[PDB]
Amino acid sequence: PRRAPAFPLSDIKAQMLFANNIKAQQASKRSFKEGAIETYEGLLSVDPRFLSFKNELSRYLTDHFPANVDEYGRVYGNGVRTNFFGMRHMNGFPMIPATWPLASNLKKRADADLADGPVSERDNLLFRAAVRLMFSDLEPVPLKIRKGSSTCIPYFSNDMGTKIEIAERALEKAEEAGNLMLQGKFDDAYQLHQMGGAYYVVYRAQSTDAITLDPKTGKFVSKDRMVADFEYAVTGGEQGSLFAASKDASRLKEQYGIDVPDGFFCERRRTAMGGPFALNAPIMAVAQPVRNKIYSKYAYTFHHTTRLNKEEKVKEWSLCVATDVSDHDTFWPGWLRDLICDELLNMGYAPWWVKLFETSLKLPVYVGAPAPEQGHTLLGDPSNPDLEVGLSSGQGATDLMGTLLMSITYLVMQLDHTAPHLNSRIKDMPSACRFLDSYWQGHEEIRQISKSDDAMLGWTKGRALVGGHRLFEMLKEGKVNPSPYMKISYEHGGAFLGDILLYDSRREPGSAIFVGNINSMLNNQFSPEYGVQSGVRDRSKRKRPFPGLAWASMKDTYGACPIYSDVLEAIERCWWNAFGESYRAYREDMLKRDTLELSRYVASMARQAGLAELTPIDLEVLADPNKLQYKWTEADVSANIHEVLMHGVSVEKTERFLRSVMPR
Amino acid sequence: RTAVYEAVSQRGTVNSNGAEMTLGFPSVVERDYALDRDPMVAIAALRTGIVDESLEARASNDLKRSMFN
Amino acid sequence: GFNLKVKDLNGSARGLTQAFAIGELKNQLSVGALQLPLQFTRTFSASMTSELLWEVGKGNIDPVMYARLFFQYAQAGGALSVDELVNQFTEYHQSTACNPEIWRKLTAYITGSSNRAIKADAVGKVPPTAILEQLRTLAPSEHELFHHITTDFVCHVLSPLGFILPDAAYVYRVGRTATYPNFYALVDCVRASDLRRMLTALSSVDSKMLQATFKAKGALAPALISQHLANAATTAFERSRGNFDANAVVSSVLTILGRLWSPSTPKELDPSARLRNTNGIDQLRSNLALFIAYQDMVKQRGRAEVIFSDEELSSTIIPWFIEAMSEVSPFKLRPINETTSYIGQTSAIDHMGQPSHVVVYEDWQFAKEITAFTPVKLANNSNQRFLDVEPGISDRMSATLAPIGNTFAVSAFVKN
Amino acid sequence: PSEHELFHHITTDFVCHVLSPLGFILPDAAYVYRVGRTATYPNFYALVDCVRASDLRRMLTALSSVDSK
Amino acid sequence: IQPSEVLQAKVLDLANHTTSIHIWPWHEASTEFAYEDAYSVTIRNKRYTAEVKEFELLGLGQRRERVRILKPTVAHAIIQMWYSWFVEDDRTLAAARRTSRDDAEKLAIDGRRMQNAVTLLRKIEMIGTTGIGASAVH
Amino acid sequence: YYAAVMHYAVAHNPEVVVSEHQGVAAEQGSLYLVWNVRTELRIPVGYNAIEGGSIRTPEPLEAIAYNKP
Ligand SMILES: [Mn+2]
């Protein structure tokens, strides 16, 4: 077990991060957040007539529109793969209590029996190769940072200039400080450079849940959310328990007294964590160029834009295999850290910085108020941290890790069960070089698309495919997973970033095609996550700028879903059945007001010039900036609002900085 | 009726056909019976072929309305 | 042209009797009676005529056309078949692309002197060509062809850098191909089908990266150009292989086809589920025109064991990986009678009425024009000889042929 | 009165279509009607019906459409 | 050749929509509730005819005024064809025994005749005493 | 050369099959094609007398031999 030390919230270390101000001390002292999101301004999540609108919506429509994914998990028909009832929650009120994150799933990795290192030593070499290349050619470019992004841990300053001082001083003595950590002087850099420190628990909120109608009596059973307690946590999955949080709304018919219409539970309380940036500066400064690298040197498996972007790569394929990933974060191996740091150093990457990683990569955490009468438990010991808490959200390069080991285990498994004889062209580390290059160049029969956990796969004429069918079959059975690092199933109802690949009768990659999910659109409408906090002059702080945009963008967006317009029918209809009015004109006017609001926000798009400057994708990024923090990469935005969203960082300081960090 | 065929032996065959044997259409009945016209009268009307001129716009032509089909 | 008795044709043109296509001789003239019917439909098209020049030309390199060329010269050349030629090509590809020291010398012939790649400066003192001579100094091919293509490869990766300077052009003629015949030729077609991707992987991927490393503006590069080129080129050689055996893959897919065709027992071989009609092999069920391949298959060889059979495979990939879909060659493809649409036919004959004279033939050319030339050669090496027509004779001799086309109207000639 | 209102609904539908842009979408209910089986299908006079109806496709839609935004 | 032939229609869901909205083939579908099928049982030299009022065969009570059955089609043609073809049957067979001619055949047909009726006999019980005409005999 | 006749032995006629013709040695497979075509009622041509309606026929040329000009 070995508890990760449970220091009281009160601690000087707890202070050193925070600016010891308003939001700082408050966040230290923060109570459990709760509150209906103003799901539309002038419209919370709680309106009962709108709740009946959900009622008609998910009921009458799922009724009319049952899912069309086949046995293989490959998709046909309407292309629905999902209950519409995932709307049906307190989508402003979280399902409570909450999990307590572990410190070591290593035994949990020994339960899923996830491997402690290489399968074959060849595989080791493979690891070393992906590492070899992700740690290879570099063309540094100026770093950039979100405007209005709170410094979070440490100080929680909203000021950009804070982030400036932090990141720049980090550019100045990350060497000295990472050395201090190598010297073990964690708190010295942590209290002078204020580098590193801790994570702060926050929430992702699953907007939906797998509500399941009961034919025999109409029960609406959302998927249960098994979660750890503090003991299951500190005793790395050892003691403690795994358990659903209460889904009930009557507990707010209790507490809030709020009326409880059918099927309307409460959104899942997934938990991200914030953390110090000064080390994330080197992270973006390289990875973002590395992002650009693989997107340039390769893309292919890597480029992510239009469904077209992907589809074109796909229908090509004789065979295609959407992936399905178990708890994507927690499962990341620490021996993987071992090889990371290994070949970092082997390839001259800066040992102090390497120490900086391992610091962050096992950085101490903190729990706020997971339930009322819970948390405010400081965790870990920033003097000898040892956490194996899995992929903490504070890193942005975690995506690199996911995309990594996933692509690994993918391709590997393809060797394992489709192309072992072909491993013969993988004679060594250099062979792994030409190869991996070529595979991410795609000049291979076995194939993939990848983005963190989400991924797919591909195959062709040439002497390897039938085993692809086989491995396909086994995984489709899922009866045993060959993967010793992950529980990777096929996703029945598989998709890639909401690109729901469709199949026809032939069920082929060349058959039917991706669609932008329309149910997902419904989510965008009604089951997203955040409110805006309208009580601020600038929307830059606001979680969710301009929803009306998505309205207009809808065909341009998820009109990729064939049945699109019928969905329009249903929405407008059900709204006339709801508030008895024009959600049409409603949302139109919301769009108009979006243009109004943005109008003063924007200059070069002179007055209300029109929205022609913004890509429909960037339009998606403007109704939805938020996924840019966990979907869109930064460069994607057109430079205008890109800068409205982001601010530049000096190329030079970062340059020489990398020159230090890099083996030159 | 197919089973009836062996009845009755023995073989003819030239002296008297042959037989209709064939029609017994569900379709022709339903097409007229839907209007409750009773198709069966239309049947003999195709026996002699000529319509029996039941002069009424929803009588006579409706018979013929079937005959076409 | 010749003649033979009809009743006695087996005693006459005994080889021509199709029963001969099988080892049949016997007391019996094959035949008998049995079962399963389907007109074998959609034959591969008309490779006859359609002669024209093609341009090797640019280093931007189209593998596809080059493949077509390989089969072309192969039939036309001094060394059958394509198969051995592809082997020899792979050998050369080792001796070149997989033999790095060469490339040092190549860059040395380019910008090579000292402290390469002479910083950011341009200077591309080269005809494409001069490289070609330098490689000609290297290992000779009996059939250079690719020896050009390797140069083309040098161009393709040196194209992003300032060495587009040499750009000239390269040209080569077709060569008429027949019906077209033997499954061994198909073997050539499938190994060439590999060449499509045996080659393109080096023809492609390549590099947009490095300008010339940039390193503003880009770039110094000692052996680094030759480095990055060859080591990647060798790496490109690694992904290339095609793995799957030439004669085997055709032997198997032909096996499944012919036993599908079998009226007598398929036995363990059989039509099945995903064993067949995998949204393409059934198109081959429609491409049953390549019949005869089974014929010589048993004849050229014998039993057609699928050996790498599997049962998932293949199906799966191999029939997918069939040549015509990879479309090299004069392999050609088409519906039915267009290939027959050059068949003459005259029953003639009388009273009996059927037999004594029933001829066939073909409609044909006389574009009278025919040409001649000097073989000018700007530099000695092989046969890259420039030629210019000699119109003064070339026209009139063709003019001399002008009546002659009206003469010997072969169709009318048949009437004879 | 129509002997056969049908379009009598449709004219109302037309009233809705142009009053739809304006705030009179308030009434919106629903209207339903069954099929009816048809034969082989027969006589060219029926085709005559089909071609005049073919006109109705555009005899009507011009008022069903254009309309006004 | 023997028909491929698979076509067979289906009743429209109706109630799921007219729970909301009116349909207009109505009237047509009619009123529509027969029948008082009395029948005699001539037990020796006595009548004892009995009858029953449709609705309670369904066990429902009481009389319904305005329930409106459709006028289902299709089947009418089948059963009619069945009926008329029996007419063809017994006419043919009876004529056959009337002269054909030649004993070996007559018993055949008159034998044939029997099970034909016997056949129908059997299936007629399936028409009834198995839901819901058991109520009728009751 | 063989490839010649077969192709225009396709047109006239799409008649096919034939059998594997194992004989006494040896069944590794051996199956060409057959052509029933359609014929005039006289056969002083072809050892395979099989005039009956038409030749069946073992070899491609005879089709043409029985073919129209
Ligand atoms: Mn997706």
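Residues numbered from 1 in each chain as written, not as in the entry; some residues may be left out. Chains lettered and ligands numbered in written order. Part of a larger assembly, values for the part shown. Heavy atoms only, no water.

- Per the deposited record, determination of this structure is attributed to cryo-EM, with the resolution reported as 7.90 Å.

### A short note on the overall build of chain B
- Check the secondary structure of chain B and you find three helices and zero strands.
- Over its C-alpha atoms chain B spans a radius of gyration of 16 Å, topping by over 25% the 11 Å that the globule rule assigns to 69 residues.
- In terms of its C-alpha atoms, chain B occupies a principal-axis envelope of roughly 50 × 25 × 15 Å.
- Evaluated residue by residue, chain B yields a buried proportion of 19% over its 69 residues.
- As displayed, chain B offers around 5,600 Å² of accessible surface, 54% of which is attributable to carbon and sulfur atoms.
- Here chain B carries 8 positive and 10 negative side-chain charges, and the mean point of each set is 5 Å from the other. (Helix = DSSP H or I, 4+ residues; strand = E, 2+ residues; numbered from the N terminus. Rg over C-alpha atoms; globule rule 2.2 N^0.38 Å. Buried < 20%, exposed > 50% of the residue type's maximum accessible area, 1.4 Å probe, protein only. Areas by Shrake-Rupley, 256 points an atom, 1.4 Å probe, with all protein chains shown as cover. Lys, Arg positive; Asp, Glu negative; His and termini not counted. Charge placed at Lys NZ, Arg CZ, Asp CG, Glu CD.)

### Examining the coordination of the manganese ion
- For the manganese ion, the protein coordination sphere consists of A:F496 (N), A:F496 (O), A:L497 (N) and A:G498 (N), at 1.8 to 2.6 Å.
- Mapped onto the sequence, the residues coordinating the manganese ion show the spacing F-L-G. (Donors = N, O, S within 2.8 Å, 3.2 Å for Na, K, Ca; no water.)

### Description of the interface of chain E and chain B
- On the side of chain B, 16 residues touch chain E, which itself brings 18 residues to the contact.
- Taken together, both faces of the contact between chain E and chain B bury some 1,300 Å²; the carbon and sulfur share is 63%.
- The tally of links from chain E across to chain B stands at one salt bridge.
- We note a salt bridge from B:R1 to E:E88, for which the minimum N-O separation is 2.6 Å.
- If you look at where chain E meets chain B, you find four residue pairs in polar contact.
- Going through the elements one at a time, α2 (75-98) and α3 (103-127) of chain E are the ones with two or more residues in the side of chain E that touches chain B.
- Considering each element in turn, the side of chain E that touches chain B owes the most residues, nine residues, to α2(E).
- Among the residues making up the side of chain E that touches chain B, the classes are represented as eight nonpolar, four polar and six charged. (Contact = heavy atoms within 4.5 Å. Buried area = accessible area lost by both parts, 1.4 Å probe. Salt bridge = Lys/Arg side-chain N within 4 Å of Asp/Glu carboxyl O. Polar contact = N/O pair within 3.5 Å; in protein donor to acceptor, adjacent residues only side chain to side chain. Nonpolar A, V, L, I, M, F, W, Y, C, P; charged D, E, K, R; others polar.)

### What to know about the state of the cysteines
- With the rule as written, the count across this model stands at zero disulfides over all chains.
- Of the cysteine sulfurs around A:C320, a residue in no disulfide, the closest is that of A:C561, at 19 Å.
- No disulfide involves C:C98; its nearest neighbouring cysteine sulfur is the one of A:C433, lying 15 Å away.
- For C:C98, a relative accessible area of 30% translates into the label partly exposed. (Disulfide = S-S within 2.5 Å.)

### Focus on the nonpolar core
- A:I340, A:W353 and C:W261 are the most contacted members of the largest nonpolar core, which totals 154 residues.
- Beyond its immediate sequence surroundings of up to four residues, C:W261 is in contact with C:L288, C:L290, C:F291, C:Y294 and F:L31. (Core = buried A, V, L, I, M, F, W, Y, C linked by side-chain atoms within 4.5 Å.)

### Brief notes about the packing of aromatic side chains
- Scanning the entire structure with this criterion turns up 45 aromatic pairs over all chains.
- Plain terms: the ring middles of A:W575 and A:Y583 are 4.4 Å apart, the flat faces sit at 40 degrees to each other, and that makes the pair tilted.
- A:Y583 gets classed as buried once you look at its relative accessible area, which sits at 0%.
- Geometrically, the ring pair formed by C:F40 and C:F291 is tilted, given 6.3 Å between the ring centres and 40 degrees between the ring planes. Remark: C:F291 occurs in the loop between α9 (281-285) and α10 (293-301) and C:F40 occurs in the segment before β1 (53-55); sequence separation between them is 251 residues.
- For C:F40, a relative accessible area of 12% puts it in the buried group. (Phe/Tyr/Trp six-rings, centres within 6.5 Å; stacked < 30°, edge-to-face > 60°.)

### Observations concerning empty space enclosed by the protein
Residues and elements named next belong to chain A.
- Within this model, the largest cavity holds a volume of roughly 370 Å³.
- Taken together, 29 residues form the lining of the largest cavity, with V321, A322, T323, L457 and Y490 sitting closest to its centre.
- Breaking the lining of the largest cavity down by element, the ones donating at least two residues are α13 (398-417), β13 (454-459) and α15 (465-477).
- Here the residues of the lining of the largest cavity are counted per class, giving 18 nonpolar, eight polar and three charged.
- Taken domain by domain, the makeup of the lining of the largest cavity includes at least three residues from each of domain 2 (37-91 + 518-606) and domain 3 (277-332 + 398-517). (1 Å grid on protein atoms, 1.4 Å probe; cavity = no way out; pocket = protein on both sides within 12 Å on 5 of 7 lines; lining within 4 Å. Points joined across faces, edges and corners; volume = space filled by probe spheres on them. Domains from an automatic or database assignment.)

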